[PDB]
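Enquirer: The structure's right below; bear with me while I get my questions together.
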Amino acid sequence: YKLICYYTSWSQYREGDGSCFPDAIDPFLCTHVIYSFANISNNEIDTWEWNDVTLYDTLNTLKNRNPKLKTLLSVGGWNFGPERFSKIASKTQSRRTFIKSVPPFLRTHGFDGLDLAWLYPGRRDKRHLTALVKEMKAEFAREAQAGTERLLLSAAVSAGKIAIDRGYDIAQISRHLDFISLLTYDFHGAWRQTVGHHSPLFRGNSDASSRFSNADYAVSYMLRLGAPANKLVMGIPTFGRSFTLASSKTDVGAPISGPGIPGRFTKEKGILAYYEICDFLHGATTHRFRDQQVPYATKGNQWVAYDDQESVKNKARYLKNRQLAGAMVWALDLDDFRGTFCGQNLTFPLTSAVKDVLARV
Ligand SMILES: *[C@@H]1O[C@H](CO)[C@@H](O[C@@H]2O[C@H](CO)[C@@H](O[C@H]3O[C@H](CO[C@H]4O[C@H](CO)[C@@H](O)[C@H](O)[C@@H]4O)[C@@H](O)[C@H](O[C@@H]4O[C@H](CO)[C@@H](O)[C@H](O)[C@@H]4O)[C@@H]3O)[C@H](O)[C@H]2NC(C)=O)[C@H](O)[C@H]1NC(C)=O
């Protein structure tokens, strides 16, 4: 089983204990660690943070301790304009230029592969995404002729049915990618004023519309569209989403005035790291949707949808029963990496839990 774990560049800037460098990563925890995110300048892959070259090296030294550990560099991300990707992929001239610049870059910094994070291609992009993947793989296969281990090629893909139909040719790209990560944790919709869980495992025996907004349907749909199970990776969030309540109503369907207040270390409205959530739990009321099998907590006017060891183990078992390639975690720096916030002195509580399930048959 594969355990794909993302590490984010900007987490180094968080104050105090929040700060996280490749350094803190347990080499034997994951099978793959993906660095986020690489950028594109003059149609060529390039670094993002001033010190990426230093962090790249730090990250890849972990391979001295665990010889089997594989690393990948991810291109794109949310702060990377979708249009920018769209523009590079439409012109065969800029696409070939970008493709050619990747292998040497990855080779120089010691990466085993490339992860595509185009978020997201629109209806007019589907064709071009296919060409990018096909050509990128062809270039990787060609470079392997030089007597070196072929670079890996993966992609982070939306888990929303509409988003999938609109910009992805799943049957086509599945045959060229090494693995596919399903972003099964952006299910609730940042668009409207209502309390709801962003990473429901199951549909919910109790609310008709939007049965497509849960991991179970996303996986079933990808398998139906032709993505082989042995290439699908289910994404598991290590963060939580917050909301500020517009009323004293805490139960499902409760009015929302906006995003929850920022966390001490995370400093971003609407989200909280799991270690920030562990501190939040004190004096908070804990609830759990029986149908979706995911928890949520409330304190004052703050409502938080998140994942704990049990909901995460739950998702892992589901992943196994459907015989998928494995799990993907977003992200290592949002889990209790120091292991000093969430009671149990255990390091990476959430990611370890996923690993326990994957290691037992
Ligand atoms: C990820 O990679 C991307 C892609 O390279 C980086 O994005 C782009 O970075 C450039 C440079 O920082 C920004 O473009 C500016 O380009 C010139 C100034 O840059 C040149 O200026 C002169 C030549 O004109 C030269 O001496 C310099 O050495 C340098 O090469 C500006 O003219 C240009 O100014 C205007 O910006 C307006 C926006 O307010 C536009 O309307 C105008 O058309 C005009 O370009 C521009 O500011 C870009 O901002 C940036 N993305 C683009 C091109 O949209 C990116 O920085 C990198 N990310 C990170 C985190 O490093």
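Our numbering is plain: 1 for the first residue shown, then up by one each step along the chain.
This entry, so its header tells us, was determined using X-ray crystallography, 2.3 Å.
Each residue, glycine too, has its Cβ placed from N, Cα and C.
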Enquirer: Under Swiss-Prot's annotation, the disulfide partner of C5 is which of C20, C30?
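Expert: Recorded partner, per Swiss-Prot: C30.
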Enquirer: Quick test of your reading of Swiss-Prot: among 182-196, 302-316, 332-346, where does it put region 'Important for AKT1 activation and IL8 production'?
Expert: 302-316
Enquirer: Of the recorded positions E49, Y120, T184, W330, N345, which sits closest to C30 (disulfide bond) by Cα distance?
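Expert: Result: the closest of the recorded positions to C30 (disulfide bond) is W330.
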Enquirer: Taking the Cβ of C278 (disulfide bond) as centre, how many other Cβ atoms lie within 10 Å?
Expert: 19
Enquirer: Look at each of the disulfide-bonded residues, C5, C30, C342, and point out the one with the fewest other Cβ atoms around it within 10 Å.
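Expert: Each of the disulfide-bonded residues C5, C30, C342 was scored; lowest Cβ tally within 10 Å is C342.
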Enquirer: Is any of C5, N39, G76, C278, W330, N345 (recorded positions) within Cβ reach of ligand 1, i.e. under 6 A, and which?
Expert: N39
Enquirer: Between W78 (chitin binding site) and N39 (N-linked glycosylation site), how far is it from one CA atom to the other, in Å?
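Expert: Their Cα atoms are separated by 11 Å.
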